[PDB]
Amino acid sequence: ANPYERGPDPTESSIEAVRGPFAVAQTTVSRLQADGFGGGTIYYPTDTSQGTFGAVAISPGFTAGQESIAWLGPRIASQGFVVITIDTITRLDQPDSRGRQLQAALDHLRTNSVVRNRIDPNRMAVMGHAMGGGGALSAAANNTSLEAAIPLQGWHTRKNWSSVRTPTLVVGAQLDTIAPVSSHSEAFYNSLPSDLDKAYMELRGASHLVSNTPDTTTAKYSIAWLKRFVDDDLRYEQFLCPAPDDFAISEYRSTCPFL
């Protein structure tokens, strides 16, 4: 019996839902209260009766604020996660810095009075959009204990991610002209270790800014990935292996079976 399983058995509809089975509450971390990042919003399940939850930190991209990623916070948290959407120290911070700030945001959750008793501090993940996705890769590349990483239209000057030991879902936008997949997302997938649990999901017809408003394909497979690897929840492998056949996906490849 997997002690980290939360919520009822999933369906495609349940992972597409704008809100999952867990009611969510939120608390704000001010910039003055945030050591090593720019503040943020923490979304968490109020129901404690099934146990503690894994934690996820999400970074926006260059010049962007929390607003651009906020919709991910409650949508993911309501599936059974404590999720912090961050602001960065400055709007101009580059990817390695954003990765360090993602780690700082996770470290913050460990002692946050509102959520300390709701998180399993051993089970943590990182996500981000654009330079924030490069940040998520960098955070994993500097911390092999992270359980999942999800760069969304990630941008980074570093193309070699052989240091990453964290299961990673690389989400590309087919028509991205800012972080084009051929030189960013797909290059990242290809240099992640060949034996890592990993996947590349390309969003058909999508531009760079697909992640800045609700996108059901992004949410449903981000949720499945976090469930599968932050919770070791084998009930979600069905959505990842074999490749999704959604029309909204133009390309997909993975190191399935994860088991």
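Start at 1 with the first residue shown and count on from there.
In this crystal structure, the stretch out of 199-207 and 39-47 whose C-alpha atoms carry the higher mean B factor is 39-47.
Comparing 149-157 with 106-114, the stretch with the higher mean C-alpha B-factor in the PDB entry is 106-114.
Looking only at 73, 172, 121, 135, the residue with the top Cα B factor in the deposited structure is 121. For residue 237, the recorded CA B-factor ranks within the middle third of the chain. Only modelled residues enter the ranking. For residue 64, the recorded CA temperature factor ranks within the middle third of the chain's modelled residues. The entry lists a Cα temperature factor for residue 55 that places it in the middle third of the chain's modelled residues.
Sort the modelled residues of the chain by CA B factor and residue 4 lands in the highest third. When the modelled residues of the chain are ordered by C-alpha B-factor, residue 94 sits in the highest third.
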